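Content type PDB, C-alpha atoms and all ligand atoms, from the file data_4.pdb:
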ATOM      1  CA  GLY A   1    -127.657-194.214 -82.337  1.00  0.00           C
ATOM      2  CA  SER A   2    -124.971-193.632 -79.717  1.00  0.00           C
ATOM      3  CA  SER A   3    -122.099-195.698 -78.318  1.00  0.00           C
ATOM      4  CA  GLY A   4    -118.591-195.552 -76.887  1.00  0.00           C
ATOM      5  CA  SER A   5    -116.387-197.060 -74.189  1.00  0.00           C
ATOM      6  CA  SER A   6    -117.687-195.826 -70.834  1.00  0.00           C
ATOM      7  CA  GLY A   7    -117.389-198.552 -68.216  1.00  0.00           C
ATOM      8  CA  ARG A   8    -116.818-197.437 -64.633  1.00  0.00           C
ATOM      9  CA  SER A   9    -120.540-198.012 -64.091  1.00  0.00           C
ATOM     10  CA  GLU A  10    -120.055-198.826 -60.408  1.00  0.00           C
ATOM     11  CA  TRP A  11    -121.892-197.261 -57.468  1.00  0.00           C
ATOM     12  CA  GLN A  12    -119.688-198.268 -54.536  1.00  0.00           C
ATOM     13  CA  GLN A  13    -116.041-199.325 -54.758  1.00  0.00           C
ATOM     14  CA  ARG A  14    -114.609-201.374 -51.892  1.00  0.00           C
ATOM     15  CA  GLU A  15    -111.055-202.342 -52.846  1.00  0.00           C
ATOM     16  CA  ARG A  16    -108.652-203.919 -50.355  1.00  0.00           C
ATOM     17  CA  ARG A  17    -106.605-201.609 -48.130  1.00  0.00           C
ATOM     18  CA  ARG A  18    -104.478-199.141 -50.094  1.00  0.00           C
ATOM     19  CA  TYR A  19    -101.342-200.699 -48.609  1.00  0.00           C
ATOM     20  CA  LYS A  20    -101.763-204.311 -47.495  1.00  0.00           C
ATOM     21  CA  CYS A  21     -99.801-207.537 -47.963  1.00  0.00           C
ATOM     22  CA  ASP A  22    -101.410-210.701 -49.329  1.00  0.00           C
ATOM     23  CA  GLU A  23     -98.664-213.026 -48.093  1.00  0.00           C
ATOM     24  CA  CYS A  24     -99.315-212.515 -44.380  1.00  0.00           C
ATOM     25  CA  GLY A  25    -102.275-210.145 -44.388  1.00  0.00           C
ATOM     26  CA  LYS A  26    -101.021-206.937 -42.791  1.00  0.00           C
ATOM     27  CA  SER A  27    -101.691-203.281 -43.605  1.00  0.00           C
ATOM     28  CA  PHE A  28     -99.683-200.056 -43.437  1.00  0.00           C
ATOM     29  CA  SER A  29    -100.291-196.303 -43.564  1.00  0.00           C
ATOM     30  CA  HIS A  30     -97.376-195.630 -45.913  1.00  0.00           C
ATOM     31  CA  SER A  31     -96.585-197.521 -49.118  1.00  0.00           C
ATOM     32  CA  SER A  32     -92.835-197.115 -48.624  1.00  0.00           C
ATOM     33  CA  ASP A  33     -93.024-199.111 -45.392  1.00  0.00           C
ATOM     34  CA  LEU A  34     -95.176-201.861 -46.902  1.00  0.00           C
ATOM     35  CA  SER A  35     -92.742-202.213 -49.804  1.00  0.00           C
ATOM     36  CA  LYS A  36     -89.927-202.986 -47.366  1.00  0.00           C
ATOM     37  CA  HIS A  37     -92.223-205.446 -45.592  1.00  0.00           C
ATOM     38  CA  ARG A  38     -93.001-207.643 -48.598  1.00  0.00           C
ATOM     39  CA  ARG A  39     -89.257-208.314 -48.535  1.00  0.00           C
ATOM     40  CA  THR A  40     -89.642-210.403 -45.380  1.00  0.00           C
ATOM     41  CA  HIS A  41     -91.489-212.774 -47.711  1.00  0.00           C
ATOM     42  CA  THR A  42     -89.556-212.254 -50.946  1.00  0.00           C
ATOM     43  CA  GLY A  43     -87.167-209.791 -52.556  1.00  0.00           C
ATOM     44  CA  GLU A  44     -88.815-209.221 -55.929  1.00  0.00           C
ATOM     45  CA  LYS A  45     -90.760-206.569 -57.841  1.00  0.00           C
ATOM     46  CA  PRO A  46     -92.614-204.241 -55.435  1.00  0.00           C
ATOM     47  CA  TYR A  47     -95.766-205.066 -57.395  1.00  0.00           C
ATOM     48  CA  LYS A  48     -97.602-208.338 -58.016  1.00  0.00           C
ATOM     49  CA  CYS A  49    -101.144-209.038 -59.213  1.00  0.00           C
ATOM     50  CA  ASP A  50    -103.384-211.573 -57.473  1.00  0.00           C
ATOM     51  CA  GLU A  51    -105.905-212.541 -60.152  1.00  0.00           C
ATOM     52  CA  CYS A  52    -103.275-213.562 -62.704  1.00  0.00           C
ATOM     53  CA  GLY A  53    -100.374-213.720 -60.268  1.00  0.00           C
ATOM     54  CA  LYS A  54     -97.759-211.723 -62.162  1.00  0.00           C
ATOM     55  CA  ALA A  55     -95.054-209.327 -60.975  1.00  0.00           C
ATOM     56  CA  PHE A  56     -94.369-205.872 -62.413  1.00  0.00           C
ATOM     57  CA  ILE A  57     -91.529-203.374 -62.028  1.00  0.00           C
ATOM     58  CA  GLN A  58     -93.183-200.073 -62.940  1.00  0.00           C
ATOM     59  CA  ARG A  59     -96.492-198.855 -61.514  1.00  0.00           C
ATOM     60  CA  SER A  60     -98.336-197.989 -64.728  1.00  0.00           C
ATOM     61  CA  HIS A  61     -97.501-201.532 -65.835  1.00  0.00           C
ATOM     62  CA  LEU A  62     -99.889-202.845 -63.180  1.00  0.00           C
ATOM     63  CA  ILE A  63    -102.244-199.860 -63.064  1.00  0.00           C
ATOM     64  CA  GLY A  64    -103.259-200.564 -66.648  1.00  0.00           C
ATOM     65  CA  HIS A  65    -102.894-204.339 -66.479  1.00  0.00           C
ATOM     66  CA  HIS A  66    -105.539-204.493 -63.749  1.00  0.00           C
ATOM     67  CA  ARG A  67    -107.928-203.814 -66.629  1.00  0.00           C
ATOM     68  CA  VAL A  68    -107.731-207.447 -67.738  1.00  0.00           C
ATOM     69  CA  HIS A  69    -109.502-208.132 -64.443  1.00  0.00           C
ATOM     70  CA  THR A  70    -112.979-206.752 -63.755  1.00  0.00           C
ATOM     71  CA  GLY A  71    -113.040-203.955 -61.198  1.00  0.00           C
ATOM     72  CA  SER A  72    -116.217-203.463 -59.177  1.00  0.00           C
ATOM     73  CA  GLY A  73    -116.898-203.238 -55.453  1.00  0.00           C
ATOM     74  CA  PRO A  74    -119.049-205.937 -53.814  1.00  0.00           C
ATOM     75  CA  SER A  75    -122.722-205.026 -53.429  1.00  0.00           C
ATOM     76  CA  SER A  76    -125.208-206.162 -50.784  1.00  0.00           C
ATOM     77  CA  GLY A  77    -128.937-205.909 -50.149  1.00  0.00           C
TER      78      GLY A  77
HETATM   79 ZN    ZN B 101     -96.603-209.833 -45.722  1.00  0.00          ZN
HETATM   80 ZN    ZN B 102    -103.479-209.773 -63.162  1.00  0.00          ZN
END
How does this structure look as structure tokens?
Amino acid sequence: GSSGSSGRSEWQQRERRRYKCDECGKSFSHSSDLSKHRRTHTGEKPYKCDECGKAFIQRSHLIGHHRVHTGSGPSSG
């Protein structure tokens, strides 16, 4: 037969704003600005997951980590 990791079998992806804070709930056009904002809440890693609730220094660290958590936009009738 046939097989192999494929995933990404989604039709519509609706992920939160590209640059938005979870602490307060604000959004920004630039990531650089948002990064400086999060500070007003805490001065730690510029990245932090929500599902698990962990902080990361590098980007890739989170980019790949996200995997652990299912990624699929919400569907509706
Ligand atoms: Zn905030
Ligand atoms: Zn996580």
Gap from atom CA of residue A:18 to atom CA of residue A:63 - Å, one decimal:
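It comes out at 13.2 Å.
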Could you name the residues that touch stretch 43-50 of chain A at 12 Å or less, counting all atoms listed in the file, but leaving out those on the same chain fewer than 3 positions away, as a VMD selection string?
chain A and resid 16 19 to 23 31 to 40 53 to 69
Within 8 Å of file point (-117.4, -204.0, -53.6), counting all atoms listed in the file, expressed as a PyMOL selection string
chain A and resi 12-15+72-75
Please dump the current selection as a PDB file, in the frame of the given file; keep C-alpha atoms.
ATOM      1  CA  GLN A  12    -119.688-198.268 -54.536  1.00  0.00           C
ATOM      2  CA  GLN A  13    -116.041-199.325 -54.758  1.00  0.00           C
ATOM      3  CA  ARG A  14    -114.609-201.374 -51.892  1.00  0.00           C
ATOM      4  CA  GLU A  15    -111.055-202.342 -52.846  1.00  0.00           C
ATOM      5  CA  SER A  72    -116.217-203.463 -59.177  1.00  0.00           C
ATOM      6  CA  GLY A  73    -116.898-203.238 -55.453  1.00  0.00           C
ATOM      7  CA  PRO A  74    -119.049-205.937 -53.814  1.00  0.00           C
ATOM      8  CA  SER A  75    -122.722-205.026 -53.429  1.00  0.00           C
TER       9      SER A  75
END
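Between ligand ZN 101 (chain B) and the residues A:29, A:76, A:9, A:42, the shortest atom-to-atom distance, using only C-alpha atoms and all ligand atoms, involves A:42.
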Set up a box along x, y and z of the file covering all listed atoms of stretch 10-23 of chain A, add 6 Å on every one of the six sides, and write the centre and edge lengths in Å to one decimal, as AutoDock Vina command-line options.
--center_x -110.3 --center_y -205.1 --center_z -54.0 --size_x 35.2 --size_y 27.8 --size_z 24.9
Residue rebuild result stretch 23-34 of chain A, N, CA, C and O atoms as an mmCIF file, in the frame of the given file:
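That gives us part.cif:
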data_model
loop_
_atom_site.group_PDB
_atom_site.id
_atom_site.type_symbol
_atom_site.label_atom_id
_atom_site.label_comp_id
_atom_site.auth_asym_id
_atom_site.auth_seq_id
_atom_site.Cartn_x
_atom_site.Cartn_y
_atom_site.Cartn_z
ATOM 1 N N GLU A 23 -99.421 -211.902 -48.632
ATOM 2 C CA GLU A 23 -98.664 -213.026 -48.093
ATOM 3 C C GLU A 23 -99.094 -213.334 -46.661
ATOM 4 O O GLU A 23 -99.550 -214.438 -46.362
ATOM 5 N N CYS A 24 -98.944 -212.351 -45.780
ATOM 6 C CA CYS A 24 -99.315 -212.515 -44.380
ATOM 7 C C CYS A 24 -100.719 -211.977 -44.122
ATOM 8 O O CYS A 24 -101.555 -212.654 -43.524
ATOM 9 N N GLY A 25 -100.971 -210.754 -44.579
ATOM 10 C CA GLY A 25 -102.275 -210.145 -44.388
ATOM 11 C C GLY A 25 -102.224 -208.943 -43.467
ATOM 12 O O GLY A 25 -103.107 -208.754 -42.631
ATOM 13 N N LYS A 26 -101.186 -208.127 -43.617
ATOM 14 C CA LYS A 26 -101.021 -206.937 -42.791
ATOM 15 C C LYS A 26 -101.223 -205.670 -43.617
ATOM 16 O O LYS A 26 -101.150 -205.701 -44.846
ATOM 17 N N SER A 27 -101.477 -204.559 -42.934
ATOM 18 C CA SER A 27 -101.691 -203.281 -43.605
ATOM 19 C C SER A 27 -100.736 -202.219 -43.070
ATOM 20 O O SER A 27 -100.164 -202.370 -41.990
ATOM 21 N N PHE A 28 -100.569 -201.144 -43.833
ATOM 22 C CA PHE A 28 -99.683 -200.056 -43.437
ATOM 23 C C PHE A 28 -100.227 -198.712 -43.911
ATOM 24 O O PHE A 28 -100.982 -198.642 -44.880
ATOM 25 N N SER A 29 -99.839 -197.646 -43.217
ATOM 26 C CA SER A 29 -100.291 -196.303 -43.564
ATOM 27 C C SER A 29 -99.516 -195.761 -44.761
ATOM 28 O O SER A 29 -100.073 -195.066 -45.612
ATOM 29 N N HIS A 30 -98.228 -196.084 -44.821
ATOM 30 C CA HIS A 30 -97.376 -195.630 -45.913
ATOM 31 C C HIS A 30 -97.014 -196.790 -46.837
ATOM 32 O O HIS A 30 -96.824 -197.919 -46.386
ATOM 33 N N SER A 31 -96.919 -196.502 -48.131
ATOM 34 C CA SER A 31 -96.585 -197.521 -49.118
ATOM 35 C C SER A 31 -95.105 -197.888 -49.040
ATOM 36 O O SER A 31 -94.727 -199.038 -49.260
ATOM 37 N N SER A 32 -94.274 -196.899 -48.727
ATOM 38 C CA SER A 32 -92.835 -197.115 -48.624
ATOM 39 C C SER A 32 -92.520 -198.189 -47.586
ATOM 40 O O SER A 32 -91.655 -199.039 -47.800
ATOM 41 N N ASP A 33 -93.227 -198.142 -46.462
ATOM 42 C CA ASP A 33 -93.024 -199.111 -45.392
ATOM 43 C C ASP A 33 -93.463 -200.505 -45.829
ATOM 44 O O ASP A 33 -92.747 -201.486 -45.622
ATOM 45 N N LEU A 34 -94.642 -200.587 -46.435
ATOM 46 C CA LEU A 34 -95.176 -201.861 -46.902
ATOM 47 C C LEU A 34 -94.226 -202.517 -47.899
ATOM 48 O O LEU A 34 -94.003 -203.727 -47.855
#
